[PDB]
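First, one chain by itself in structure tokens, the form deposited in one PDB entry.
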């Protein structure tokens, strides 16, 4: 059988978690805003010549429900931590998500990738070096993406899988 990898997409509302996921899964761009309750998807892909099964949980960013994130952080194996490069507050929100994942997992060593999304947009407010420095301090990879052009979409999900493999030492 192929190995299944439980990926969880998190971040503030409106950053593009769902658009990133739907690009991965269905290869088109959701231009409309359908704020998420909770959605799960499956896709088989070849990463490093190895076929595996991605199980993607697309989560709600709604701050009102922040204390109910624990259950899915408990079961998730790796986390895509998404902000939008044109929304400074979504970038600031990253700290809270990471801290919560560590707290809920009770570990400093959790597979995660920092994703700066909407990089097709001209009105940037978060510097690439800003994000690289933070990802560096966290010890995790950083990838700029656009769910609209598809830039970096595969790289972000595949990189997260590579981080899971690594943390499992396999």
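Positions refer to the first chain, counted from 1.
Quiz prompt | Residue stretch of maximal mean CA temperature factor, 3-11 vs 161-169 | solution = It is 161-169 that shows the higher mean C-alpha B-factor.
Quiz item: Of the two stretches 113-121 and 134-142, which shows the higher Cα B-factor on average in the entry?
Solution: Between 113-121 and 134-142, it is 134-142.
Quiz item: Out of 44, 36, 26, 128, which residue has the highest Cα temperature factor in the PDB record?
Solution: Checking the PDB record, the top C-alpha B-factor among 44, 36, 26, 128 is at 128.
Exercise. Compare the CA B factors listed in the entry for 53, 60, 67, 57 and report the winner.
Key: In this record, 67 carries the highest C-alpha B-factor of the candidates.
Not pictured, yet referred to below: the form solved in complex with a small molecule.
Quiz item: Is it the case that 10, 62 and 65 all touch the small molecule in the deposited bound form, with a non-hydrogen atom of each within 4.5 angstroms?
Solution: Every residue of the spot touches the small molecule in the deposited bound form.
Quiz item: At the 4.5 Å heavy atom threshold, is residue 28 in contact with the small molecule in the deposited bound form?
Solution: Although the small molecule is absent here, residue 28 would stay clear of it in the deposited bound form, with no heavy atoms inside 4.5 Å.
Self-check item: residue 104: touches the small molecule in the deposited bound form, heavy atom cutoff 4.5 angstroms
Solution: Result yes; residue 104 sits at the interface with the small molecule in the deposited bound form.
Practice problem: Tell me, yes or no, whether residue 70 is in contact with the small molecule in the deposited bound form, where a contact means a heavy atom of each within 4.5 Å. | Solution: The answer is yes: residue 70 has a heavy atom within 4.5 Å of the small molecule.
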